[PDB]
Amino acid sequence: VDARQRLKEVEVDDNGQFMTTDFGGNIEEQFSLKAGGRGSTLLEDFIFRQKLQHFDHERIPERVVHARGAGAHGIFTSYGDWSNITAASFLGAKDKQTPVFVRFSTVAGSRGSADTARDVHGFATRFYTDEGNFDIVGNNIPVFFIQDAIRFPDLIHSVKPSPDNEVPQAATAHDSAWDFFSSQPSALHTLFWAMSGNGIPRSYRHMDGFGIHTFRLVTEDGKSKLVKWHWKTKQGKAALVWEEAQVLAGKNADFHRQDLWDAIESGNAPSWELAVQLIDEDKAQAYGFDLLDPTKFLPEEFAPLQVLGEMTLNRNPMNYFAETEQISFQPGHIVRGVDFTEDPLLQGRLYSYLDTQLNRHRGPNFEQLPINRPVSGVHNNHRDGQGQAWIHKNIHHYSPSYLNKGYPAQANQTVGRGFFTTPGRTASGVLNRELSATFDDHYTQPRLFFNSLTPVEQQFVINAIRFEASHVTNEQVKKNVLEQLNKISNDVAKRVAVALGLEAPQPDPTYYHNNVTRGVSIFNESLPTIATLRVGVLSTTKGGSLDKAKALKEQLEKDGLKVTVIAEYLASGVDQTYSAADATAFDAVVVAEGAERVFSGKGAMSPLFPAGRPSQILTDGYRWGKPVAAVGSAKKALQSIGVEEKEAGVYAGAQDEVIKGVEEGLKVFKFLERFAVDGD
Amino acid sequence: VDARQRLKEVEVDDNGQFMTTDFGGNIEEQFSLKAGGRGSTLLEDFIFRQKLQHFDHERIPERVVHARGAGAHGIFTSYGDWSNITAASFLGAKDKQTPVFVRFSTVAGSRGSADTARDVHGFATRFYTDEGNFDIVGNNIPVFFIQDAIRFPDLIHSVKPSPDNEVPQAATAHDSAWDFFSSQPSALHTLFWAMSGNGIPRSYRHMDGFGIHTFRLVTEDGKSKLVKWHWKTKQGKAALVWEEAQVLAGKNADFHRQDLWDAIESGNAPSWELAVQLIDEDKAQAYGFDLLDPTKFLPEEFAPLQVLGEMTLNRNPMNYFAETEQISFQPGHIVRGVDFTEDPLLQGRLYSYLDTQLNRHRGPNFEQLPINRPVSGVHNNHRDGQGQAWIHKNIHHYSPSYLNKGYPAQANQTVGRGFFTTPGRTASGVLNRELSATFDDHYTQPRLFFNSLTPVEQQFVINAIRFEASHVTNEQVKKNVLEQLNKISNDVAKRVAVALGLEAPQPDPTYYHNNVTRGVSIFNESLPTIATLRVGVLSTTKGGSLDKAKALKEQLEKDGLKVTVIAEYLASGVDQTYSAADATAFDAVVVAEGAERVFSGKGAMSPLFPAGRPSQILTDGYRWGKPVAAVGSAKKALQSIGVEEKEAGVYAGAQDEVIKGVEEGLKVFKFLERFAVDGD
Amino acid sequence: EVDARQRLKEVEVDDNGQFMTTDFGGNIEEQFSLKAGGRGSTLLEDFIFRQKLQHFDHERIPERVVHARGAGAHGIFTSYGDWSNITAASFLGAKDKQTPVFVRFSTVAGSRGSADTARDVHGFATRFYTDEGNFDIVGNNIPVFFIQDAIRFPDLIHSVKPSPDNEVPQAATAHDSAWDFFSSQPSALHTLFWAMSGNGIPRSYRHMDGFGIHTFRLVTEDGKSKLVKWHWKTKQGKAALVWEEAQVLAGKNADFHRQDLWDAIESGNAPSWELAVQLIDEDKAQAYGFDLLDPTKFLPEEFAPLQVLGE
Ligand code: HEM
Ligand code: HEM
Ligand code: HEM
């Protein structure tokens, strides 16, 4: 149905047309106006200045956080009529379709940073409903660092580069960040989620999404339930390994944004299911934590997810800047049937997102931008402003008036389908600058998170902390980290402290426990589909390998895979060169038959690629847990690096046997047997 | 038929609609969200913040000059096919129509200043042609203060208020301005034009317009003629008197902008004829001055005006801000068939106007605003920018390129009807920071202007200079002015020095002359029409005076006038009260019969109006040169202040006699017999 | 000589006795543009021209959304006592204690160029540069406001300001849009009368009283609070014009009030105000027939007399 249907009116086609100035008129803009042939350029060359001025002013400020990101258009379809729980129009009827836009991001890097940096990721959705725009602005992690919004600058200042040198870019591996994590123990829970697979997803399409905050759903009668928003990926949860991500950050900074682009362009639109948890208003403090605490998540054993619909991203942007870059999400973009809660973190966000748009867009009229415009229509008494795109017919721009005859009219719960705060809500107590004592358990839930991970995944979190805390140059801060880690788990504190060359503190069993919850793990489940995944078939231009390699590709593509045929140079079947190839770009590596010649001898030393290139791709690919394969005689390649076909995730033999093997391996995606666990 | 047809698609009707946020959704915005009855306002009241934020950001910077102004839409129709002189599309066929917008202004005042302050006035026209926007940005005075654009800050800084206290507003009557005039003798010519009637027009519709600069018209073969643009008013040239203007600045600051509004709204659209002077390129320095000197004009005896068309302003703006305020004129808004000249003042303007838009609009995308958009279409490689309203289809935004197939294409003289600089133009000599010696005659032409004025008009200019220079607190600057005044005319220097209480310098015959030229005078000719002009009929609620007055009104209105019936209070036929009435709002005053009651006795002292009000309107109206009249018994009112019906501009008798006399007097408009001239 | 502008000395620039410079330094002449030949075109490489004009082109900043037309002066505030019994504020914490101030007087509906002598509510905004931070009393010359909720401020101001179609009339409430609001929102009636009184057309800035309008709170170190109202009483007396006078004055001198404030200070006759307050016990908030959190009401001095804390 093409969600960008509204955006058609502002599309400009310069095809078949002559050059123009921004004020019209046909021009040539390749030569300046000079005085005397090899003369100076003239100030009266209006064509030059108008062209350069637009170029000079092309830049707008990047987002203060989540600067690095990408987005797409889509449609959200409701599965039912949910008036039993919410009065929201976009969830009000079965099979009802609403246009959406989603932008995925990383929190700490700037516009040019790598997609594959370790960071929390953003998952922000706009619903273009017929009752106004509604935004679920969320992360891929269900918990946040802080419990009060007034502490947001303190958190961000710490994680972002040092103010003296602006080092390091897009990393928490420095003293200031881990100074904050240790000094503000509230941050520990998200810290663990960051050090898990969530910090390095395979793709935007392979992560779940969370509103994190508890909200409220309201029905037309005004009955409310506390809610948590979920997005469950229909493509499955998948993650990389840190050593892979680092190399990937260099070979392709655009890994995530390219992958989302290619998937949609290839007809494989990603999709998520929108799920919720409904909690009775009286059960706010029931489940071992305050539900107004964003450093907590609610296990599905206490409240299982009920899915309300599915959203699919099937359209790509036409211009990145106009659409992806300029879009402005706010949690304050709320509609009838939804309401906020007294979450101290959420309360502050409402101010921030609206205020910060004044900075990026240089004006109060940024919702007049095509990608920010609603489909529902805008009528009010707002006038003037910088870059006002509309002309208003009503010359009586005030609301208590005789002359406009009462229009625009005032809408509420009973009339006009207007927004209303939940009627049952109250305020009781002293005016205070403090936080509830129900917020003071910072260690129980990270323990719960750690316990609910597979043993290798647990090692990954620890291996990440070892790497990160190693970069801290202040010994006392590392001591402070061990103290906070110890309060969660003695084993974690023990295991990390080895790398730091420090001593493990004595156990504190106050917050220790062995509880477990589901859905927080990434690797323990297999991917629903292998569609869109990429296999790199290493071959050579010498002999019959290429034709042999080509035949392998045709077979793989029907299953949904994307295959790249690599060789010394761009021959008939060659997609990519060895110079341009790396293991990070592929979910699986498979050596074609006869390609053994370049893994040893003169073949591995050609001017057409850096020495050892084919051997590294296999080495890197295997060591990173990916499915690896060789076809027939190609076994020579696998034993060159010490990999027996007897192993798990490794397949050697006939092409037909190999194909079935790789496709099986891709469902597992990552082979965790190839990583060493502490104690052994 | 409607000049604003392009603007229709962006018009918003809030009628019959419910209140919305700027992002959509129905709301009520009359109460804040509070915690409890008499509680504090909540940060989560998104409706409040969204509403107030737009209000807080309503203001954009005012224009650095010409801040005070008003405008309207219109149509320009060509009278012929002028391809013999220019390749311009909008003058390329007879009866060809182009939508226009015109904005009239004053140069030194801010957004709130009075229309009736003595100042140079602006006359900026945009032609929305099918070959791009073309702007003639000019004043109501054919000459400017300076000969080089680099001195524009110096000129403007002096005339504008003093930087310490910001006093005085919209006036040249201070030391700083007259310091500049004396120290930069180039300003003397426009200074004289400013002190004439041109400095205080009756209306926007009653002033001529000038491009001031010499431009070039170019034909398709590339042959050029030197040109000067003129706008000749179809309503006639009219001016006020200084004592009237001062009082008018208080009673109605919006005098000019309202008059332009009322004229269009009442079916009386104003019109101007577009005329030009054509000069052969070899005769640039032929006529006693350099034609690249903007402090000089070319008398119509050397080169007469040829009219090419007529423009009529028939539509009013719907929103002042969106249309009038946000519009951006530039002299660099030029099209094919027109070109610039080496006028040092013009050359600088081209930079300034484009650069200054970055300040007012906070972005490079201000020609995307509806009132700045051309009707011809915009196709280029400009991307991004602050508040980008478009989405660009071409992802190959560079030239030259293979992938876009050559589009947008490059146009020039031979291909694509593109803009081209005149091919005959040359540059010869050293690179210099100097001005030509042909520019050094600053006194001859101001004398020429003075010589061509009626004796009373000459008195007006002198009476104006006496007033202004009286406000200078530095005696020496006044000495400096008299010396510069003396070089023009010994009589003027003599006459001015009387008011200042100084002594007239001895005569200087260096630049003295008695030459004369036509078209520079305002009062000496009679108005083509009295339509829209206003008569104020002073009447009363007592007796049968009102009905007598009512009959007077209907007769007068038939002839095209607008009649306001004034009385003690708002009775059946009463347009205005005496408290709300003033002589400045009317072109003629006529006392109705039986209205004698309010000029003497208890009638002149009512609680309903300030004492002496009816007597003042007649006193002011008479003393200001306007036609005054009394009907029947009403003659006592005229002798209440000492005015005999035998006088000129005064009419007493029966109603029919008064009507015919007044309408005759309005054609005269102003009676210069009532003003004292020196030596009398 | 206390010189309230002593801190401002560090940023004063004296161009006397110096040569012309660019904004980035270096000596220049800026009266001629750079041309190619005797009568040539101006060159893009004339850095001197562009640097000069660019600043001129960008000289303008947005005018205030309200109270656009105004003027101001520096001063000193001296406390009359040690008021720690009612407030812990440093600038009122000791007798004879001096605090630098700046005050800006204004009109509410006109723009930057409007007349000082237009009928409108007037502004009276005072800043205290205390040694515990800036403290601002932003108030009018009238003790009451048009509206009881801030969310209605766009509605009120839009109505009084010119009509959006023609932007007429300037700095006036004499039109349909304003009086439509006054009739439809009856809360505005009180301030409307204050506007139609002498307060709408003062003789000078130095001849008007001042009000915080809102009820605030004064707190002591122990945390005990009293409801408070701020007052400024003029040591020069209250004086106003007549409407027929003001209109004529609006034309002959738009800068009348701002010039008068300038001249008095310049002539050694500095104007002065006394700061007075009304103190109300927290239990007495609704005592006097209305809510003290209503800004459309004022508290008569028979109910609570004024106590002066300083000048
Ligand atoms: C659970 C807590 C939070 C979540 C889930 C979250 C998520 C996000 C996401 C996904 C974005 C990306 C916007 C986009 O993709 O266009 C974003 C941006 C932003 N967030 Fe947060 N964030 C949180 C905490 C906060 C807090 C506490 C504040 C302020 C007090 C804040 C202020 C901002 C600002 C100013 C932006 C920039 C948006 C723009 O410039 O358009 N965030 N946030
Ligand atoms: C013959 C000389 C001049 C004429 C006829 C003239 C006329 C005008 C007029 C009518 C306007 C009104 C714009 C409007 O109504 O929107 C204007 C504005 C302006 N002029 Fe001039 N002017 C002259 C000299 C100059 C010079 C020498 C400069 C700079 C070197 C300059 C810079 C400007 C600027 C920056 C604006 C503001 C326009 C905007 O904010 O969009 N002018 N001029
Ligand atoms: C008792 C009620 C009010 C009083 C005493 C008052 C007083 C003032 C004064 C004296 C100024 C001028 C500041 C200056 O001269 O620099 C001002 C400006 C302003 N006021 Fe009000 N006003 C009131 C109502 C409101 C309300 C209810 C709002 C918003 C909800 C508001 C918003 C503003 C804004 C946005 C400015 C612009 C200040 C600037 O641009 O720097 N006012 N007010």
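1. Regarding the interface of chain B and chain A
Counting residues at the interface gives 105 residues for chain B, matched by 104 residues for chain A. Both sides of the chain B and chain A interface together cover about 9,700 Å² of buried area, and 57% of this is carbon and sulfur. One can count seven salt bridges joining chain B with chain A. Across the pair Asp-384 of chain B and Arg-59 of chain A runs a salt bridge whose closest N-O atoms are separated by 3.8 Å.

2. Remarks on the interface of chain C and chain B
Between chain C and chain B, the residue contacts involve 70 residues of the former and 83 residues of the latter. A buried area of about 7,000 Å², summed over both sides, lies between chain C and chain B, and 51% of it is on carbon and sulfur atoms. Together, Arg-39, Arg-60 and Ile-151 of chain C form the three largest contributors to the area buried by chain C at its contact with chain B, with a combined 11%. The interface formed by chain C and chain B includes 13 salt bridges.

3. Topic: the sheet that holds strand β13 (residues 534-538) of chain A
All names here are of chain A. Strands sit in the order β15-β14-β13-β16-β17-β18 across an open sheet of six strands; the sheet is parallel. One side of each edge strand has no neighbouring strand; the edge strands of this open sheet are β15 (576-577) and β18 (650-653). On top of the sheet, helix α14 (residues 613-623) reaches β13, β16 (588-591), β17 (628-631) and β18; it is set at about 135° to β16, its chief contact.

4. Thoughts on the sheet that holds strand β18 (residues 628-631) of chain B
Residues and elements named next belong to chain B. Spatial strand order, β16-β15-β14-β17-β18-β19: six strands in an open sheet with parallel pairing. Edge positions in the sheet fall to β16 (576-577) and β19 (650-653), since each of these pairs with one other strand and no more. Sheet topology places strand β14 (residues 534-538) next to strand β17 (residues 588-591); four bridges connect them, and they run parallel. Each bridged residue has a counterpart across the sheet, and for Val-537 the counterpart in β17 is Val-590. Sheet strands in contact with helix α17 (residues 655-668) are β14, β17, β18 and β19, and its direction is about 170° off that of β19.

5. Regarding the UniProt feature "active site" in chain A
Residues and elements named next belong to chain A. Per the UniProt annotation, the sites labelled "active site" are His-66 and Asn-139. A maximum C-alpha distance of 10.3 Å is found for the annotated residues, which run over 74 residues; spatially they form one tight group. When neighbours within four sequence positions are excluded, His-66 is seen to be in contact with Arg-103, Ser-105, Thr-106, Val-107, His-121, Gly-122 and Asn-139. Its location among the elements puts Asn-139 in strand β5 (residues 132-139). Sequence-distant contacts of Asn-139, that is, excluding residues within four places in its chain, are made with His-66, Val-120, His-121, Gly-122, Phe-123, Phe-144, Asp-208, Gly-209, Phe-210 and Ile-212.

6. Focus: a negative patch on the surface
Together, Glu-644, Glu-645, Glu-647, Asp-656 and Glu-657 of chain B make up a region of like negative charge exposed at the surface. Structurally, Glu-657 of chain B can be placed in helix α17.

7. Some words on the coordination of the iron atom of ligand 2
Just one protein ligand coordinates the iron atom of ligand 2, and it is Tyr-353 of chain B (OH) at 2.4 Å. Among the secondary structure elements, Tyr-353 of chain B is positioned in helix α8 (residues 344-355).

8. Some details on the site of ligand 3
Ligand 3 sits among 17 residues. The nearest are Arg-64, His-67, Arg-104, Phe-153 and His-214 of chain C. Mapping the residues near ligand 3 onto chains gives chains B and C. Between ligand 3 and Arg-104 of chain C there is a distance of 2.9 Å, counted from an oxygen atom to a side-chain nitrogen or oxygen. Of all elements in the fold, only α1 (46-56) of chain B together with β3 (98-107) and β5 (133-140) of chain C reach the threshold of two or more residues within the shell around ligand 3. Of the residues forming the shell around ligand 3, the biggest block, three residues, is contributed by β5 of chain C. Per-class residue counts for the shell around ligand 3 are eight nonpolar, six polar and three charged.

9. Description of the site of ligand 2
In the neighbourhood of ligand 2, 26 residues make up the surrounding shell, with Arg-63, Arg-103, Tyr-353, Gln-357 and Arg-360 of chain B lying closest. Residues lining ligand 2 come from chains B and C. Taking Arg-63 of chain B, its side chain carries an N or O atom lying 2.8 Å from an oxygen atom of ligand 2. In this structure, an oxygen atom belonging to ligand 2 sits 3.3 Å away from a side-chain N or O atom of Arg-103 of chain B.

Conventions used here
Counting of residues restarts from 1 for each chain and follows the sequence as written, so the numbers need not equal those of the entry; residues with no coordinates are not shown. Ligands are numbered from 1 and chains lettered from A, in the order in which they are written. Any value mentioned applies to the visible chains, which represent part of a larger assembly rather than the whole. Remark: hydrogens and water are excluded; side-chain values derive from all non-hydrogen atoms of the structure. We call two residues in contact whenever any of their non-hydrogen atoms come within 4.5 Å of each other. A simple way to read buried area is as the amount of 1.4 Å-probe accessible surface that goes missing from two parts once joined, with both sides added. Criterion for a salt bridge: a side-chain nitrogen of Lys or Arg within 4 Å of a carboxyl oxygen of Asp or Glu. Paired strands are those between which DSSP finds at least two bridges. Here a helix means four or more residues in a row that DSSP labels H or I, a strand means two or more in a row labelled E, and each is numbered from the N terminus. Axes here mean lines fitted to C-alpha atoms, for a helix over just the part in contact, with angles spanning 0 to 180 degrees between N-to-C directions. UniProt positions are given in the numbering used here, feature names are shortened, and annotations may be inferred rather than shown by experiment. Patch definition: residues with relative accessible area over 30% and no salt bridge; like charges joined within 9 Å; nonpolar side chains (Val, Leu, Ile, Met, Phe, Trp, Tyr) joined within 5 Å. All accessible-area figures derive from a Shrake-Rupley calculation using a 1.4 Å probe, and residue coverage is judged against the displayed protein chains alone. Only four residue types enter the tally: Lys and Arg on the positive side, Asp and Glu on the negative side; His and the chain ends are excluded. A charge is said to be at NZ when it belongs to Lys, at CZ for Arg, at CG for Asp and at CD for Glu. Each metal's donors are the N, O and S atoms within 2.8 Å of it, or within 3.2 Å when it is Na, K or Ca, and because water is not part of the set, sites may look incomplete. A molecule or strand has a residue near it when one of that residue's heavy atoms lies within 4 Å. N or O atoms closer than or at 3.5 Å make up a polar contact, with two conditions inside protein: a donor-capable atom paired with an acceptor-capable one, and, for residues adjacent in sequence, both atoms drawn from side chains. Ten residue types, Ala, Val, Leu, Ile, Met, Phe, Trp, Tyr, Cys and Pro, are classed as nonpolar, four, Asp, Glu, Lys and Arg, as charged, and the remainder, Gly among them, as polar.

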